[PDB]
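In the form deposited in one PDB entry, a lone chain appears below as structure tokens.
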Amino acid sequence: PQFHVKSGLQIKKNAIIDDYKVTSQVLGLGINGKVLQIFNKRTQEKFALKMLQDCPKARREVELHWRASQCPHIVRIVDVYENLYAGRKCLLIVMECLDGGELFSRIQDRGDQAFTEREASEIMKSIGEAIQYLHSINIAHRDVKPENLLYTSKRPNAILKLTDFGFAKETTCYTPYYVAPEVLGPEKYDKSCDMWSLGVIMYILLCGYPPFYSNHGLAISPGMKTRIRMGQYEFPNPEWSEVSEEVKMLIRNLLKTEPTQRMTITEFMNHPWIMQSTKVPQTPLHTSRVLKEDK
């Protein structure tokens, strides 16, 4: 006994409206247009619905995302319909619904507490688990941005989840103990960008602005673009003046220009600042206030 097998992906073919109420309310915009809010007729719970045109690229997204839904920090696909819509075959993905909206909106909507270093570590921890899960099953997510980190609720014990698989990609014997990873097949620097994303999201969490900011004109967005190439960014005071040299070093290691230089997800999770989420200094960060400065 003891055989943990979860179930396979099942493309439902009946009309989705047979099983759910479909609203006009929008929950997100993508290249495939709207994410809608819907309601399960039976249970009456709320779900997000993403609609893609059926085709090989769409199918992969679904498949990868289904594969990854077993991860606690990745938006769970709850079921998938293939229907006809204007004589065009379609994939309708029904996922769990993340009311807490986007990661940054939440921080920026404190302003009456203060957002500690430790709170950020915990955040980065949970994004890490998501990447970790992904990479260990040989998927690179490849669009890990702010916009795709949302919260299950407004409740402060909300759990933070990764969404959007439109750019995810697969990365893919008896004397094996000693064989070097490079001999176990190709897989060229592909999951390493997920690592860069992580650096950026960490930078912003700690201060409230990207490490590579625009400016507009010339050498200010064409230059903002070489700024990235050169890997040039500061830790300007007085935001960073109070931040652990250990943390700076961690960002520095994620924001490495040459991808093979950059840290692995595994190395990441074993890092003390991430591994001791709990015992990180309670120190007050500017983040929330700085965020409030915008459009």
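Residue numbers here begin at 1 and follow the sequence given. Only residues modelled in both forms are compared. We call the rigid core the largest set of C-alpha positions that still match within 1.5 Å between the two forms.
Colleague: Please report whether at least a third of the other compared entries leave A168 without coordinates.
Modeller: No, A168 is modelled in every one of the other compared entries that cover both of its flanks.
Colleague: So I159 is built in this one, but is it left out in a third or more of the other compared PDB entries that include its neighbours?
Modeller: Other entries vs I159: none skip it.
Colleague: What number of deposited residues lacks coordinates in the span between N157 and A158: none, 1 to 3, 4 to 9, or 10 or more?
Modeller: Going from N157 to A158, the model skips no residues of the deposited sequence.
Colleague: Mean CA temperature factor from the deposited coordinates, higher in 125-133 or in 180-188?
Modeller: The deposited B-factors put 180-188 ahead on the C-alpha mean.
Colleague: If you average the Cα B factors in the entry, which is higher, 211-219 or 68-76?
Modeller: So the stretch with the higher mean C-alpha B-factor is 211-219.
Colleague: Ranked by Cα temperature factor within the chain, is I265 in the lowest third, the middle third or the highest third?
Modeller: Its C-alpha B-factor, which the entry lists for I265, ranks in the lowest third among residues of this chain.
Colleague: Should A114 be placed in the lowest, middle or highest third of its chain by the C-alpha B factor in the entry?
Modeller: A114: CA B-factor falls in the highest third of its chain.
Colleague: Comparing against every modelled residue in the chain, figure out the third that the C-alpha B-factor of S7 lands in (lowest, middle or highest).
Modeller: Lowest third, going by the recorded CA B-factors of the chain.
Colleague: Split into thirds by Cα B-factor across the chain's modelled residues, where does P56 land: lowest, middle or highest?
Modeller: Tercile = middle for this residue's CA B-factor.
Colleague: Consider only the C-alpha atoms of the modelled residues in this chain, order them by B-factor as the entry records it, and name the third containing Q44: lowest, middle or highest.
Modeller: For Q44, whose C-alpha B-factor we compare with every modelled residue in the chain, the answer is the middle third.
The next section is about a form of this same protein that is not shown, the form deposited in another entry.
Colleague: Among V35, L64, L255, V247, which is the residue that shifts its C-alpha 2 Å or more between the shown form and the other one, core superposed?
Modeller: Comparing both forms, the shifted residue turns out to be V35.
Colleague: Any CA movement of 2 Å or more for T23 between the shown form and the other one, core superposed?
Modeller: It does shift by 2 Å or more.
Colleague: When the rigid core is used for the superposition, does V179 move between the shown form and the other one (threshold: C-alpha shift of 2 Å or more)?
Modeller: Passes the 2 Å threshold, so yes.
Colleague: Is it true that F167 shifts between the shown form and the other one by 2 Å or more at the Cα, once the core is aligned?
Modeller: No; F167 is a residue whose C-alpha shifts by less than 2 Å between the shown form and the other one when the cores are overlaid.
Colleague: Pin down for me whether the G185-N253 Cα distance shrinks or grows in the other form relative to this form (closer or farther, change of 3 Å or more).
Modeller: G185 and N253 sit closer together in the other form.
Colleague: Compared with this form, is the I139-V183 Cα separation smaller or larger in the other form, the difference being 3 Å or more?
Modeller: Relative to the shown form, the pair is farther apart.
Colleague: Give the consecutive runs of 3+ residues, present in both forms, in which every C-alpha shifts by 2 Å or more between the shown form and the other one after rigid core superposition.
Modeller: When the rigid core is held fixed, residues 17-31, 33-46, 173-189, 213-217, 229-232 are the runs that shift.
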